[PDB]
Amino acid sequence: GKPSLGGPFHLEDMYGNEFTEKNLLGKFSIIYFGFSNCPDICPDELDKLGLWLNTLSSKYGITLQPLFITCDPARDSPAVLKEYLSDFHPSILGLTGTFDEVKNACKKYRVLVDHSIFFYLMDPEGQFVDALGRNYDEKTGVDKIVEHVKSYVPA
């Protein structure tokens, strides 16, 4: 029904560990594509995500796997992502890689500033279940995620 987003990808997290689509299995993940040198948009989105994560865990006991994937592999090295993310929620994990690896990941999710606007929610089976745009605020975004997590049932 929804666009066939997602698929195999191979990246590295900001600590150097391999991270592929296989790491999405067994949990609800929320992915955001952006870049450290993005003005306004990306900082604002990551701030909103931090609010969501804290509300989710404290009020509903829900823990997501938040991932920040860079679209600028030229400058966003693991060290740059670690420093950039130090100003945001600690659970957010930055992912990067070679131009080819990043290009593929972006292609799989059909994804610079004007288009770094959706959060992609992936279920425990690694399937795309919903995208949260800027029209979701600190409260309605949480409501939508809770709905998906609590109603989830495996294959």
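Heads up: residue numbers just count along the shown sequence, starting at 1.
*Asks:* Please classify the coordinate gap between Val111 and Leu112 in terms of deposited residues: none, 1 to 3, 4 to 9, or 10 or more.
*Replies:* Gap between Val111 and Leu112: 10 or more unmodelled residues.
*Asks:* Mean CA temperature factor from the deposited coordinates, higher in 91-99 or in 114-122?
*Replies:* Averaged over C-alpha atoms, the B-factors run higher in 114-122.
*Asks:* Taking only the CA atoms, which stretch has the higher mean B-factor in the record, 48-56 or 34-42?
*Replies:* According to the entry, 34-42 carries the higher average C-alpha B-factor.
*Asks:* Can you work out whether the C-alpha temperature factor of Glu21 puts it in the lowest, middle or highest third of the chain?
*Replies:* Tercile = middle for this residue's CA B-factor.
*Asks:* Where does the C-alpha B-factor of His10 rank in its chain, lowest, middle or highest third?
*Replies:* Its C-alpha B-factor, which the entry lists for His10, ranks in the lowest third among residues of this chain.
*Asks:* Taking only the Cα B-factors deposited for this chain, tell me whether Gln65 sits in the lowest, middle or highest third.
*Replies:* For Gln65, whose C-alpha B-factor we compare with every modelled residue in the chain, the answer is the lowest third.
*Asks:* State the tercile, meaning the lowest, middle or highest third, of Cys71 with respect to the CA B-factors recorded for its chain.
*Replies:* Within its chain, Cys71 is a middle-third residue by C-alpha B-factor, going by the deposited values.
*Asks:* Would you please rank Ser86 by its C-alpha temperature factor against the other modelled residues of its chain and give the third it falls in: lowest, middle or highest?
*Replies:* For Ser86, the deposited C-alpha B-factor lands in the middle third.
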